[PDB]
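Asks: Before I ask anything, here is the structure I am working with.
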Amino acid sequence: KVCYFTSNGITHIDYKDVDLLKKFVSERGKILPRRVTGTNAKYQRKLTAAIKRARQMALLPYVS
Amino acid sequence: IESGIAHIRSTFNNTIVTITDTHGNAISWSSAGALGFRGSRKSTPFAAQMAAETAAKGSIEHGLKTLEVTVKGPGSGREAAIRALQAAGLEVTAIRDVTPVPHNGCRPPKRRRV
Amino acid sequence: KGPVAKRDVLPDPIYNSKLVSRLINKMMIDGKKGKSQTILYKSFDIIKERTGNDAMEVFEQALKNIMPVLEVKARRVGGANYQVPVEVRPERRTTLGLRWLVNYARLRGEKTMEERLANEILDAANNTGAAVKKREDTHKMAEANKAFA
RNA sequence: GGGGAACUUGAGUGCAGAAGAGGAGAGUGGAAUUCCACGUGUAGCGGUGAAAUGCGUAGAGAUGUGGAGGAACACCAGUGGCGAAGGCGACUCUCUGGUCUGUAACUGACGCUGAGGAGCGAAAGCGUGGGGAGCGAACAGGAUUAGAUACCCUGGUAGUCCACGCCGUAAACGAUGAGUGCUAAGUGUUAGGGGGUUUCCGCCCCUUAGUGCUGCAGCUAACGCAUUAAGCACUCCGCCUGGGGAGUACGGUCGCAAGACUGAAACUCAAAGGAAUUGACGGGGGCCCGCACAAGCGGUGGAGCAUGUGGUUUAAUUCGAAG
């Protein structure tokens with residue numbers, strides 16, 4: 001139920017910030033769903049965009 | 001030859017067992033068909049369990065103690081063989097659920113009822 | 001439906017051993033009364049003669065020998081009719097083993113019934129008899145098809 | 001109706017934001033399947049309700065490497081979003097379409113619909129040139145069957161992909177044409193805007209536009225629809241008038257072809273249909289019962305005879321009975 005981005009009041013991802021992307025991907029590398037992250041619907045799509053970009057850039061593994 | 005890796009395929013018709021070295025070098029292998037199961041009986045957990053201890057017996061005489069197991073595919077042999085290993089006196093240090101899960105891969109074969 | 005059972009051929013309650021349990025009651029599953037309680041009680045004495053010990057002890061020793069502990073029934077699956085191993089209840093054990101002794105006694109064929117039966121009791125006290133033969137064939141069948149649970 | 005002068009709500013323009021698998025082009029990347037070479041590696045692997053064809057001692061499958069390629073973009077992913085419809089999901093960039101919100105600065109009725117016409121229009125299909133991993137019509141082999149030109153198994157050509165043209169069909173469906181206005185609520189959810197406590201979070205109240213779910217009046221033959229009407233009304237277009245004969249025949253217009261659009265008739269029937277109602281039935285489901293089955297005993301037919309019946313036989317073999 002808790003919505004991390006609107007709770008801490010932060011704007012768009014700024015994809016370089018690789019620290020929280022770990023918290024938002026599973027240890028397996030699977031991107032966590034809304035049912036567990038509790039984030040807002042509008043922000044989730046730009047999330048998976050950011051994770052996909054950094055994944056292509058090899059900051060996050062495709063599978064761990 | 002102290003450590004190795006035991007690989008077992010858990011299919012719906014068979015269950016293979018093979019052991020290898022950390023360098024990916026095989027030592028010995030077994031199977032339900034290797035033991036003498038020919039029909040659908042190869043898919044039973046019992047056949048895979050038997051496979052487990054024949055693999056263990058083919059393993060000990062070369063002197064390997066510690067293992068960790070990779071399981072492939074879904075089947076009834078998932079639970080039988082893994083505990084059959086430690087029933088055979090060996091020590092398996094990890095269980096790895098590695099199966100080929102393509103993102104899209106190739107288009108699967110047709111349905112079974114058309 | 002539901003489970004059901006009965007007891008009969010009861011010997012006396014107290015100061016009763018198995019030997020006199022049978023010496024006054026029990027078994028006799030061969031036909032109507034008479035030609036049993038007779039053609040029996042004398043089978044035991046001929047083997048008192050044939051063995052230098054209590055003729056009862058060989059009886060339940062041979063019984064222990066004949067007892068199975070697994071067997072197999074038939075189940076309809078697909079088109080194979082798989083043979084499924086199962087266990088045996090404590091009473092199913094006794095009834096079926098006793099049954100094997102009696103029917104093989106009347107199958108084997110010699111001069112007469114009581115010597116037939118006595119010879120089988122000793123051939124099952126020793127582990128070389130016809131009923132015991134079927135016991136190990138059922139057993140090897142069973143754990144040859146052990147896989148099926 | 002015609003003409004002249006207003007006006008701004010309809011309809012647009014400008015201004016500030018917002019969202020998106022909207023479209024076209026280029027490049028990029030990850031897991032796999034397959035193939036190949038290589039190390040290790042023994043005896044089967046694969047497969048179905050059992051099996052078999054197949055692949056393996058010429059060393060398979062398995063397992064650790066390295067390549068080669070072509071197809072689709074896992075979770076995110078949600079009765080979510082976009083698009084007029086078909087449809088559109090990996091990433092980046094180039095170009096480019098439409099929509100909503102708040103405005104009130106602008107024009108001042110510039111609007112709706114739309115036969116013919118024009119363009120798009122899934123999949124299969126066709127033509128040319130490439131490409132071909134997997135899948136896979138056709139086809140072969142093995143199973144099942146009385147038969148099996150199929151259902152099942154092992155292969156596998158065309159296609160599936162790419163570039164440019166052609167066909168113009170689909171249950172192209174919400175089986176509901178487009179536009180406008182009005183008519184109880186409740187409840188999710190998507191993109192916003194305003195306000196009340198703070199310009200913290202997050203609490204609530206209004207508010208547009210979507211996108212679902214229940215539900216009044218109303219409509220409905222019944223189902224059911226019900227501000228996303230199948231309600232109340234007005235404009236514009238398309239379509240229907242019993243079932244077959246038949247979307248076939250003929251003649252045209254298209255298409256290279258397959259075929260598509262337009263579309264009779266003779267003859268023939270008194271039904272054909274929609275929804276609901278009650279039973280029956282299912283190789284439908286959920287329960288429960290019975291010497292029903294299992295678990296035991298002894299039997300029937302194999303022989304002789306007793307008796308009844310069918311057939312034949314006679315002059316008659318008296319008639320009745322037939323799971």
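All residue names refer to the structure tokens as shown: chains lettered A, B, ... in order, residues numbered from 1 in each chain, ligands numbered from 1 in order.
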Just need the residues of chain C within 9 Å of chain B, counting only C-alpha atoms, so spit them out as an MDAnalysis selection string.
Replies: chainID C and resid 146:148
Asks: Would you write out those residues with N, CA and C atoms, as an mmCIF file, in the first residue's frame?
Replies:
```
data_model
loop_
_atom_site.group_PDB
_atom_site.id
_atom_site.type_symbol
_atom_site.label_atom_id
_atom_site.label_comp_id
_atom_site.auth_asym_id
_atom_site.auth_seq_id
_atom_site.Cartn_x
_atom_site.Cartn_y
_atom_site.Cartn_z
ATOM 1 N N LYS C 146 7.534 -52.827 -7.420
ATOM 2 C CA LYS C 146 7.491 -51.927 -6.267
ATOM 3 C C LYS C 146 7.236 -50.478 -6.654
ATOM 4 N N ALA C 147 7.589 -50.091 -7.880
ATOM 5 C CA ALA C 147 7.644 -48.678 -8.235
ATOM 6 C C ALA C 147 6.300 -47.971 -8.124
ATOM 7 N N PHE C 148 5.190 -48.701 -8.115
ATOM 8 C CA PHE C 148 3.893 -48.103 -8.401
ATOM 9 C C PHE C 148 3.182 -47.559 -7.167
#
```
Asks: Would you kindly return, as a VMD selection string, each protein, DNA or RNA residue with an atom no farther than 8 Å from any atom of range 233-240 of chain D, considering only C-alpha atoms (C1' of nucleotides) and excluding same-chain residues fewer than 6 positions away?
Replies: chain D and resid 112 to 114 177
Asks: Write out as a VMD selection string the residues lying within 12 Å of residue 99 in chain D, counting only C-alpha atoms (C1' of nucleotides) and excluding same-chain residues fewer than 6 positions away.
Replies: chain D and resid 18 to 20 22 82 to 83 191 209 to 210
Asks: Keeping only C-alpha atoms (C1' of nucleotides), write those residues as a PDB file, in the first residue's frame.
Replies:
```pdb
ATOM      1  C1'   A D  18       0.377  15.351 -19.723  1.00  0.00           C
ATOM      2  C1'   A D  19       0.243  10.549 -21.364  1.00  0.00           C
ATOM      3  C1'   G D  20       0.768   6.759 -24.373  1.00  0.00           C
ATOM      4  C1'   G D  22       0.153   5.429 -32.399  1.00  0.00           C
ATOM      5  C1'   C D  82      -2.835   4.110 -27.827  1.00  0.00           C
ATOM      6  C1'   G D  83      -5.247   3.773 -32.597  1.00  0.00           C
ATOM      7  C1'   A D 191      -4.548  10.810 -17.600  1.00  0.00           C
ATOM      8  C1'   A D 209     -12.070  13.030 -20.052  1.00  0.00           C
ATOM      9  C1'   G D 210     -11.632   7.892 -20.697  1.00  0.00           C
TER      10        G D 210
END
```
Asks: By how many Å are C1' of residue 153 in chain D and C1' of residue 52 in chain D apart?
Replies: 8.1 Å
Asks: Under the rule of at most 12 Å, produce a per-residue listing of chain B near chain A: chain, number, name, the closest pair of atoms, and the distance in Å, as a tab-separated table, using only C-alpha atoms.
Replies:
```
residue	atom	partner	partner_atom	distance
B:96	CA	A:64	CA	11.9
B:97	CA	A:28	CA	11.7
B:98	CA	A:64	CA	11.0
B:100	CA	A:63	CA	11.8
B:101	CA	A:63	CA	10.8
B:102	CA	A:63	CA	11.5
B:103	CA	A:62	CA	10.6
```
Asks: Pick out the residues sitting within 12 Å of residue 85 in chain D, and hand them over as a list in words; count only C-alpha atoms (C1' of nucleotides), and ignore anything fewer than 3 positions along from it in its own chain.
Replies: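 Contacts, with the query itself left out: residues 120, 121, 122 and 172 of chain D.
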Asks: Once you count only C-alpha atoms (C1' of nucleotides), what closest atom pair and distance in Å to one decimal does each residue of chain D within 9 Å of chain A have, with rows by chain and rising residue number, as JSON lines?
Replies:
```
{"residue": "D:29", "atom": "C1'", "partner": "A:56", "partner_atom": "CA", "distance": 6.3}
{"residue": "D:30", "atom": "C1'", "partner": "A:62", "partner_atom": "CA", "distance": 6.3}
{"residue": "D:31", "atom": "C1'", "partner": "A:62", "partner_atom": "CA", "distance": 8.3}
{"residue": "D:75", "atom": "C1'", "partner": "A:31", "partner_atom": "CA", "distance": 5.4}
{"residue": "D:76", "atom": "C1'", "partner": "A:31", "partner_atom": "CA", "distance": 5.9}
{"residue": "D:77", "atom": "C1'", "partner": "A:33", "partner_atom": "CA", "distance": 8.9}
{"residue": "D:90", "atom": "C1'", "partner": "A:52", "partner_atom": "CA", "distance": 8.0}
{"residue": "D:91", "atom": "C1'", "partner": "A:53", "partner_atom": "CA", "distance": 6.4}
{"residue": "D:92", "atom": "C1'", "partner": "A:53", "partner_atom": "CA", "distance": 8.8}
{"residue": "D:190", "atom": "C1'", "partner": "A:42", "partner_atom": "CA", "distance": 8.9}
{"residue": "D:201", "atom": "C1'", "partner": "A:7", "partner_atom": "CA", "distance": 5.5}
{"residue": "D:202", "atom": "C1'", "partner": "A:7", "partner_atom": "CA", "distance": 8.1}
```
Asks: Would you put the residues from that selection into a file with N, CA and C atoms (P, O5', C5', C4', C3', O3' and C1' of nucleotides), as a PDB file, in the first residue's frame?
Replies:
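selection.pdb, freshly written:
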```
ATOM      1  P     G D  29      25.097  -5.510 -30.339  1.00  0.00           P
ATOM      2  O5'   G D  29      24.240  -5.907 -29.064  1.00  0.00           O
ATOM      3  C5'   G D  29      24.473  -5.280 -27.814  1.00  0.00           C
ATOM      4  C4'   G D  29      23.467  -5.736 -26.792  1.00  0.00           C
ATOM      5  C3'   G D  29      23.343  -7.244 -26.657  1.00  0.00           C
ATOM      6  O3'   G D  29      24.284  -7.777 -25.740  1.00  0.00           O
ATOM      7  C1'   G D  29      21.181  -6.244 -26.825  1.00  0.00           C
ATOM      8  P     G D  30      24.382  -9.363 -25.506  1.00  0.00           P
ATOM      9  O5'   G D  30      23.089  -9.713 -24.645  1.00  0.00           O
ATOM     10  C5'   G D  30      23.066  -9.536 -23.236  1.00  0.00           C
ATOM     11  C4'   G D  30      21.896 -10.257 -22.614  1.00  0.00           C
ATOM     12  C3'   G D  30      21.790 -11.732 -22.956  1.00  0.00           C
ATOM     13  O3'   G D  30      22.605 -12.539 -22.125  1.00  0.00           O
ATOM     14  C1'   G D  30      19.689 -10.702 -23.286  1.00  0.00           C
ATOM     15  P     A D  31      22.837 -14.084 -22.481  1.00  0.00           P
ATOM     16  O5'   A D  31      21.413 -14.749 -22.230  1.00  0.00           O
ATOM     17  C5'   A D  31      20.954 -15.024 -20.915  1.00  0.00           C
ATOM     18  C4'   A D  31      19.700 -15.854 -20.943  1.00  0.00           C
ATOM     19  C3'   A D  31      19.823 -17.171 -21.683  1.00  0.00           C
ATOM     20  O3'   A D  31      20.401 -18.191 -20.892  1.00  0.00           O
ATOM     21  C1'   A D  31      17.866 -16.058 -22.393  1.00  0.00           C
ATOM     22  P     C D  75       6.030 -12.140 -18.581  1.00  0.00           P
ATOM     23  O5'   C D  75       6.952 -12.645 -17.384  1.00  0.00           O
ATOM     24  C5'   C D  75       6.418 -12.912 -16.099  1.00  0.00           C
ATOM     25  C4'   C D  75       6.829 -11.863 -15.102  1.00  0.00           C
ATOM     26  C3'   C D  75       6.240 -10.485 -15.327  1.00  0.00           C
ATOM     27  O3'   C D  75       4.870 -10.397 -14.957  1.00  0.00           O
ATOM     28  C1'   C D  75       8.544 -10.279 -14.916  1.00  0.00           C
ATOM     29  P     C D  76       4.335  -9.436 -13.792  1.00  0.00           P
ATOM     30  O5'   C D  76       4.846  -7.983 -14.199  1.00  0.00           O
ATOM     31  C5'   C D  76       5.227  -7.050 -13.201  1.00  0.00           C
ATOM     32  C4'   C D  76       5.946  -5.858 -13.784  1.00  0.00           C
ATOM     33  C3'   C D  76       5.138  -4.968 -14.712  1.00  0.00           C
ATOM     34  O3'   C D  76       4.284  -4.074 -14.021  1.00  0.00           O
ATOM     35  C1'   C D  76       7.251  -5.395 -15.671  1.00  0.00           C
ATOM     36  P     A D  77       2.799  -3.789 -14.565  1.00  0.00           P
ATOM     37  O5'   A D  77       2.185  -5.237 -14.805  1.00  0.00           O
ATOM     38  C5'   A D  77       0.782  -5.412 -14.976  1.00  0.00           C
ATOM     39  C4'   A D  77       0.472  -6.481 -15.991  1.00  0.00           C
ATOM     40  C3'   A D  77       1.150  -7.818 -15.734  1.00  0.00           C
ATOM     41  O3'   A D  77       0.302  -8.883 -16.156  1.00  0.00           O
ATOM     42  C1'   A D  77       1.872  -6.953 -17.814  1.00  0.00           C
ATOM     43  P     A D  90       8.859  -4.404 -27.913  1.00  0.00           P
ATOM     44  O5'   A D  90       9.658  -5.400 -26.966  1.00  0.00           O
ATOM     45  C5'   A D  90       9.567  -5.293 -25.553  1.00  0.00           C
ATOM     46  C4'   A D  90      10.922  -5.085 -24.932  1.00  0.00           C
ATOM     47  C3'   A D  90      11.587  -3.755 -25.240  1.00  0.00           C
ATOM     48  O3'   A D  90      11.154  -2.724 -24.374  1.00  0.00           O
ATOM     49  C1'   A D  90      13.108  -5.501 -25.670  1.00  0.00           C
ATOM     50  P     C D  91      11.160  -1.198 -24.865  1.00  0.00           P
ATOM     51  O5'   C D  91      12.705  -0.853 -24.993  1.00  0.00           O
ATOM     52  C5'   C D  91      13.546  -0.843 -23.851  1.00  0.00           C
ATOM     53  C4'   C D  91      14.934  -0.381 -24.207  1.00  0.00           C
ATOM     54  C3'   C D  91      14.999   0.892 -25.030  1.00  0.00           C
ATOM     55  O3'   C D  91      14.885   2.053 -24.231  1.00  0.00           O
ATOM     56  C1'   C D  91      16.381  -0.743 -26.014  1.00  0.00           C
ATOM     57  P     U D  92      14.147   3.360 -24.797  1.00  0.00           P
ATOM     58  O5'   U D  92      15.265   4.054 -25.686  1.00  0.00           O
ATOM     59  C5'   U D  92      16.553   4.303 -25.151  1.00  0.00           C
ATOM     60  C4'   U D  92      17.540   4.653 -26.230  1.00  0.00           C
ATOM     61  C3'   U D  92      17.068   5.676 -27.246  1.00  0.00           C
ATOM     62  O3'   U D  92      17.175   7.003 -26.762  1.00  0.00           O
ATOM     63  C1'   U D  92      18.084   3.862 -28.366  1.00  0.00           C
ATOM     64  P     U D 190      -5.026   3.488 -11.324  1.00  0.00           P
ATOM     65  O5'   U D 190      -5.291   3.885 -12.844  1.00  0.00           O
ATOM     66  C5'   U D 190      -4.645   3.198 -13.906  1.00  0.00           C
ATOM     67  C4'   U D 190      -4.721   3.981 -15.192  1.00  0.00           C
ATOM     68  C3'   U D 190      -4.230   5.417 -15.118  1.00  0.00           C
ATOM     69  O3'   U D 190      -2.827   5.513 -15.250  1.00  0.00           O
ATOM     70  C1'   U D 190      -6.321   5.353 -16.218  1.00  0.00           C
ATOM     71  P     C D 201       3.454  16.620   0.290  1.00  0.00           P
ATOM     72  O5'   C D 201       3.306  15.045   0.127  1.00  0.00           O
ATOM     73  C5'   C D 201       4.442  14.211  -0.022  1.00  0.00           C
ATOM     74  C4'   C D 201       4.480  13.159   1.053  1.00  0.00           C
ATOM     75  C3'   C D 201       3.307  12.196   1.068  1.00  0.00           C
ATOM     76  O3'   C D 201       3.433  11.167   0.108  1.00  0.00           O
ATOM     77  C1'   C D 201       3.786  12.918   3.277  1.00  0.00           C
ATOM     78  P     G D 202       2.132  10.498  -0.550  1.00  0.00           P
ATOM     79  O5'   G D 202       1.126  10.333   0.671  1.00  0.00           O
ATOM     80  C5'   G D 202       1.239   9.237   1.574  1.00  0.00           C
ATOM     81  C4'   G D 202       0.126   9.262   2.584  1.00  0.00           C
ATOM     82  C3'   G D 202      -1.253   9.021   1.973  1.00  0.00           C
ATOM     83  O3'   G D 202      -2.085   8.157   2.771  1.00  0.00           O
ATOM     84  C1'   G D 202      -1.169  11.189   2.975  1.00  0.00           C
TER      85        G D 202
END
```
Asks: Taking only range 2-146 of chain C into account, list the residues labelled strand (DSSP E or B) by DSSP (computed from the backbone), as a list in words.
Replies: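 Output for range 2-146 of chain C, strand (DSSP E or B) only: residues 71, 72, 73, 74, 83, 84, 85 and 86 of chain C.
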Asks: My list of candidates is D:315, D:204, D:289, D:281. Which is closest to chain C when distances are computed with only C-alpha atoms (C1' of nucleotides)?
Replies: D:289
Asks: Residues at most 12 Å from residue 205 in chain D, counting only C-alpha atoms (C1' of nucleotides), excluding those fewer than 6 positions away in the same chain, as a list in words?
Replies: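 Here the answer would be residues 194, 195 and 196 of chain D.
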